[PDB]
Every structure is written in C-alpha cells, then in structure tokens.
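**Q** Based on what follows, work out the 3D shape:
(2 chains)
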Amino acid sequence: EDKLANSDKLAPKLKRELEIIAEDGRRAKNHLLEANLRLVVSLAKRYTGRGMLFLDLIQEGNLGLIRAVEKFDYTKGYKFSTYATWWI
DNA sequence: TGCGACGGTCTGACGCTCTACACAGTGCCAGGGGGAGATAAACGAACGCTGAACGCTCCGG
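**A** Numbering: from 1, shown residues only, chains lettered A, B, ... in the order given. Shown next is the structure:
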C-alpha cells in the first residue's frame, strides 16, 4: 500500500496486485485484532469497578491495542502479548 | 384462526411538617509545548525647575 501510494507510474496489473496484497494485509490487521480481543478483555476486567464501565474500558483498551499493532515488529523475537500489555 | 395461558410490561400504591445524613478494596517516568509569574529597557508624556517678566500698590526720599 505504500508503493501504490507513491505517484510513480507502474503497471496497472502490478497496482492491482499491490492492492490485493494491501487487502490481505488489512485482513491480517483484523485477524490479529480479533485474536487479541480476549487479552484486552482480560486486562480491562483487571481495571474494572472504579467508576468507569466495563465495556468502555474494553473499547479504550482496544484503541490501545490497535496502537500496539501499529507499533509492533517481528524483528524482535518476542510474543505479541508481552508487548501489547504495556499499551493496554 | 380460535383458544387460554404464558408472559412481559406498566402503572400507582391519601396528605402535610416536627423531624432531615451520610456515603468505603489493585503502575511509572521521560521528553516536549504554553503560560503563569519576574526582569530591565523603551518611546512618549507631563511633570518640575529655571526665576524671568508684567503689573500692581506701595512707603517714600
């Protein structure tokens, strides 16, 4: 999606393939997010019962978790949970 | 479709004062942006000093 975001002229079939890869990447974004909904629910129930509703805490942690997945890299050899927990 | 019945939904449940009260278990710091207060200077203003100067009654030789 970064390559197709550029203004350089490429093949239209190549741009279609890049859009397909971008759609697959967005599907991966989703799949990771519904993978980690359970852990953000657990860490939100860790912080409940203090004047703020449970589902509000879950959704705010979900915002923190999409922040986490925006700032996650595979170069460091650690699991997603221990890095996501700080942002949650 | 007619049947009860099963169920949810919804409502108020006389009136006032004398009286009448308050509310509780789970992280942490660094980097950076704004405006509050102190500073010393500045352009302009008017504020004083300079007695001088005009004019008066004046006691007067």
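**Q** I'd like the next helix or strand past the lengthiest helix in chain A.
**A** The residue-count maximum for a helix in chain A (DSSP state H) belongs to helix A:12-45. Next in sequence after helix A:12-45, counting helices and strands by DSSP states H and E, comes helix A:54-70.
**Q** Let me see the residues that make contact with that next one.
**A** Helix A:54-70 is contacted from outside by A:29, A:32-33, A:36-37, A:40-41, A:43-45, A:47-48, A:80, A:83-84, A:87-88, using Cβ atoms under 8 Å, 6 or more residues apart in numbering. For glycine as for every other residue, the C-beta is placed from the backbone atoms N, C-alpha and C.
**Q** Run the contact check for the longest helix of chain A versus DNA strand B.
**A** No - legend: contact between helix A:12-45 and DNA strand B by Cβ under 7 Å from any atom of the strand is lacking; minimum distance shown is 7.8 Å.
**Q** I'd like to check the angle between that helix and helix A:54-70, please.
**A** Here the directions of helix A:12-45 and helix A:54-70 differ by 140 degrees (axes from the mean of the first three to the mean of the last three Cα atoms, to 10 degrees).
**Q** returning to that earlier point: generate a ChimeraX selection restricted to the buried subset of the contacts of helix A:54-70.
**A** The ChimeraX command for the buried members of the contacts of helix A:54-70 (criterion: 16 or more other Cβ atoms under 10 Å) is given here:
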select /A:32,36,40,41,43,44,80,84,87,88
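**Q** Quick one: list the elements packing against the longest helix of chain A.
**A** Judged by 3 or more Cβ pairs under 8 Å, 6 or more residues apart in numbering; DSSP states H and E, the packing partners of helix A:12-45 are helix A:2-5, helix A:54-70, helix A:80-87.
**Q** I'd like those laid out as JSON lines, including distance to residue A:14.
**A** Shown next, in JSON lines, are those (distance: least, Cβ to Cβ, whole Å):
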{"stretch": "helix A:2-5", "distance to residue A:14": "9"}
{"stretch": "helix A:54-70", "distance to residue A:14": "26"}
{"stretch": "helix A:80-87", "distance to residue A:14": "32"}
